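Heads up, the chain below is alone and in the form deposited in one PDB entry; it's given as structure tokens.
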């Protein structure tokens, strides 16, 4: 067991191992400090979870997040450097701290303030898909891909972060970037969704890197739907049969029919192979979208594709999600995962 020291920062008591030095508040699910990790030599982010076991829903969300972060081991995905509690027994266990690499700029800063060549777009989207192939191979859905959840460094290397761990209604209302990257079937709850929602998000992001502008900046759910259908066309009978809500089907059939537009006249001057890939991502029927593994083999990435260096994940057991347990049982499961953590090399 390491030696811990205590300190109050912005009316919060932090108790952390001696290896973490020069704690500096950064932001506030929990509060976050920047720190220097003397064991690894890295600048790190230390997150103290806020009330992790207040209710059954919160306790299960705490367990879900810890299981997910412990599993992710890939160059293009955020990983867990450390997890600790100052408690010495389960009976006094109450606080959870997570440690990750400190991230600097996100894709927002780059897209808004930099001139991007086609080679830049190729490399950035390639890395997103390489991480997604890994994530989807474990039957995990990210659910919240958007520019602010993608970290980029000085060498244009990219990491996916901030997995969707189950957003409020107010957060998705109005003219908000938290909705502009979501697939229409999940934005309007048309049907049970799957991992293909993430590929829709990648298409929205790729289009924004090419033009410098948000693809579907709707002012509300319905305005956004109209922008989407003007580009990709209104649904045909095949997809309407797959929409579970009769009222959603009724609403769709109230709209005048529209053909799919010519993407070369939308993305003027773009690499024709980029246009081709966008048409395969931004497909309304989610059954027919290109997958991450298929997209990596597309000719647009010929400069970077290496099938021997695009790994898949170890199997991931999510059976706990259908389990009904009491707070103290979720809390005991979490305690076991903290004490069994083994750090990376």
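Residue numbers count along the first chain shown, from 1.
Same protein, other form: the form solved in complex with a small molecule, not shown, and the subject of what follows.
Using heavy atoms and a 4.5 Å cut-off, decide whether 32, 98 and 105 all contact the small molecule in the entry with it bound.
Yes, because 32, 98 and 105 each have a heavy atom that approaches the small molecule to within 4.5 Å in the entry with it bound.
Considering only heavy atoms, tell me if residue 149 and the small molecule come within 4.5 Å of each other in the entry with it bound.
Output for residue 149 is yes: heavy atoms within 4.5 Å of the small molecule.
When the contact criterion is heavy atoms within 4.5 Å, does residue 202 count as touching the small molecule in the entry with it bound?
Looking in the entry with it bound, residue contacts with the small molecule do not include residue 202, since no heavy atom lies within 4.5 Å.
So, residue 313 and the small molecule: in the entry with it bound, are they within 4.5 Å at any heavy atom pair?
Looking in the entry with it bound, residue contacts with the small molecule do not include residue 313, since no heavy atom lies within 4.5 Å.
Check whether residue 220 has any heavy atom within 4.5 Å of a heavy atom of the small molecule in the entry with it bound, and answer yes or no.
No - in the entry with it bound, heavy atoms of residue 220 and the small molecule never come within 4.5 Å of each other.
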